[PDB]
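Below is one structure; the comments refer to it alone.
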Amino acid sequence: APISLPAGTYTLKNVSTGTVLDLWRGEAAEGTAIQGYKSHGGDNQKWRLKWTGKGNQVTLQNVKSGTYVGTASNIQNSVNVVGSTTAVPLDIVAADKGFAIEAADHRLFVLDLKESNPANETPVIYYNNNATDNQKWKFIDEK
Amino acid sequence: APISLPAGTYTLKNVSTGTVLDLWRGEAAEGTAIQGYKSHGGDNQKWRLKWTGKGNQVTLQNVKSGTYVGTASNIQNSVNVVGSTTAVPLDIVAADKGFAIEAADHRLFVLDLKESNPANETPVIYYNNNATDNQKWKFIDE
Ligand SMILES: CC(=O)N[C@@H]1[C@@H](O)[C@@H](O)[C@@H](CO)O[C@H]1O
Ligand SMILES: CC(=O)N[C@@H]1[C@@H](O)[C@@H](O)[C@@H](CO)O[C@H]1O
Ligand SMILES: CC(=O)N[C@@H]1[C@@H](O)[C@@H](O)[C@@H](CO)O[C@H]1O
């Protein structure tokens, strides 16, 4: 009424665990692990959603580090999601709960909280989209 | 606040024109036109959103007719979107304004308000996703 997902800063909360998308210590170094972690409201747990101007593609950028949701190597199953100066372009797709986050140039793969594990520092990885709950993210807007 | 697009009944308003997704007289016959039309709040301008259980795919069902966003022939450019007993599976993709509505098994093609034309009874068609504003839809929950 209307429902929109505007460009802005988001807390990203895993549907399965209630844990949030977390950049390891908020560090800017290339390859810094992106993981599930207990929500604490810190900037390393905030992400800027922005459209690139190519189709409906977006990027996600860590507020603390300034680095982007990226990849540890060539995107395929079980590849780590990592903070990177090179953003992996994403598509944000409406799911039965929250949204799926697909790699826009590798659409078979989505951001995946590994094995629905609620423990801190559980890896987020690229994985085949099976539309399981651990592959869905609630977008919580910061106003 | 947690932005969700829940299964529910929706008005879908084209970003470019401001006209809404409209099933011609809410008629249930196969092949009935789906089009842009000025918003009057009637049930033929309301759509049920539901996940099919395959991936993140959904369907859109007209409240008035009970028929679905569908097609009368295989999806390519300028193929018309029509009301049908057989739903075309869809993907709802977040756009810079509103949402794009892709054909789930033909992702290059999205619901498109022809020529960004705000005239009543402008046809909605399947078209090449260019991410133009006539290919984006605002979801108004009721
Ligand atoms: C407030 C803050 O930055 N806490 C982070 C935490 O979120 C997590 O990244 C952890 C490493 O797993 O390091 C901590 O310093
Ligand atoms: C109030 C109402 O239902 N108006 C409908 C309109 O939405 C549209 O479908 C038109 C056919 O183009 O028929 C009208 O009867
Ligand atoms: C015949 C046809 O498909 N018409 C397209 C329309 O779909 C739309 O994308 C528009 C841009 O507003 O360009 C038109 O030429």
Side-chain angles (χ1 to χ4, degrees), chain A residues 11-14 19-29 31-47 55 62-67 69 80-83 113-114 117-124, chain B residues 11-29 31-47 62-65 67 75-83 95 97 100-103 108-137:
Chain A
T11 298
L12 295 188
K13 181 182 273 189
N14 194 269
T19 55
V20 308
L21 194 75
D22 175 291
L23 182 65
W24 194 85
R25 321 223 280 232
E27 268 160 25
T32 298
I34 288 181
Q35 53 188 12
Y37 209 96
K38 187 177 75 172
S39 180
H40 54 57
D43 285 348
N44 74 309
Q45 295 185 343
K46 298 178 175 187
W47 303 88
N62 194 263
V63 170
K64 179 61 175 298
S65 72
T67 63
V69 160
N80 285 282
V81 177
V82 302
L113 184 52
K114 183 180 175 178
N117 195 347
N120 288 340
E121 309 187 335
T122 302
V124 170
Chain B
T11 301
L12 303 186
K13 176 173 286 171
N14 191 272
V15 172
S16 174
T17 67
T19 64
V20 303
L21 199 71
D22 186 287
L23 180 78
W24 185 94
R25 296 200 189 171
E27 235 313 289
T32 297
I34 301 187
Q35 61 191 6
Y37 208 96
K38 281 151 171 20
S39 180
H40 52 56
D43 289 336
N44 70 316
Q45 292 178 339
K46 291 174 189 190
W47 304 85
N62 196 263
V63 176
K64 187 51 189 172
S65 69
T67 60
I75 299 169
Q76 53 185 93
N77 275 341
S78 289
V79 162
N80 284 3
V81 185
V82 301
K97 309 168 175 179
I101 309 179
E102 296 176 355
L108 299 172
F109 304 96
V110 297
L111 274 55
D112 176 309
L113 186 56
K114 169 178 179 158
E115 296 167 345
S116 305
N117 192 338
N120 281 339
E121 302 183 343
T122 299
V124 174
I125 59 177
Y126 296 103
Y127 206 66
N128 267 151
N129 195 4
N130 297 323
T132 45
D133 286 353
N134 61 310
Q135 300 183 324
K136 299 164 199 167
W137 302 89

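Counting convention: from 1, in listed order, for ligands and their atoms alike. To find a chain, count down the sequence lines: A is the first, B the second, and so on, and within it residues start at 1. Hydrogens, waters and symmetry mates play no part in the numbers below; they use all other heavy atoms, side chains included.
For ligand 3, the atoms lying closer than 4.0 Å to a non-hydrogen atom of B:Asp112 are 6 (C), 7 (O), 8 (C), 9 (O). Under a 4.0 Å criterion applied to the non-hydrogen atoms of B:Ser78, ligand 3 contributes the atoms 1 (C), 2 (C), 3 (O). Which parts of ligand 3 touch B:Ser116 is read off a 4.0 Å heavy-atom cut-off, strictly below it: atoms 11 (C), 12 (O).
Within the model, atoms NZ of B:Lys97 and CG of B:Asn14 stand 11.0 Å from one another, a figure rounded to the nearest 0.5 Å. Atoms CD and CD, from B:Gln45 and B:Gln35 in turn, are 9.0 Å apart once rounded to the nearest 0.5 Å.
In terms of polar-atom proximity, B:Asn134 is counted as a contact of ligand 3, with an N or O under 3.5 Å from an N or O of the ligand. Between B:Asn130 and ligand 3, not a single N/O pair is under 3.5 Å apart.
Not one N or O on the side chain of B:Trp137 forms a donor-acceptor pair closer than 3.5 Å with the backbone of B:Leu21.
Between B:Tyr37 and B:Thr19, every side-chain heavy-atom pair lies at or beyond the 4.5 Å cut-off.
Listed here is the closest heavy atom pair of B:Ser78 and B:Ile125: CA-CD1, 3.9 Å. Closest approach of A:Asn117 to A:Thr122, counting heavy atoms only: O-OG1, 3.1 Å. In terms of heavy-atom proximity, A:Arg25 sits nearest to A:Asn44 at N-ND2, 4.3 Å.
With a 4.0 Å cut-off on non-hydrogen atoms, B:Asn128 does not touch ligand 3 at all.
Partners of B:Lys46 according to the salt bridge (charged side-chain N to carboxylate O under 4.0 Å, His left out) rule, which considers only residues two or more places apart in sequence or in another chain, are B:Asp43.
For ligand 2, the protein residues within 4.0 angstrom (heavy atoms only) are B:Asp22, B:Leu23, B:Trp24, B:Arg25, B:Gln35, B:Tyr37, B:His40, B:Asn44, B:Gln45, B:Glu121.
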Could you go step by step and tell me if B:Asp112 and B:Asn134 meet the side chain to side chain donor-acceptor pair (under 3.5 Å) rule?
CA-CA 6 Å; B:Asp112 176 309; B:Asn134 61 310; 3.1 Å; yes
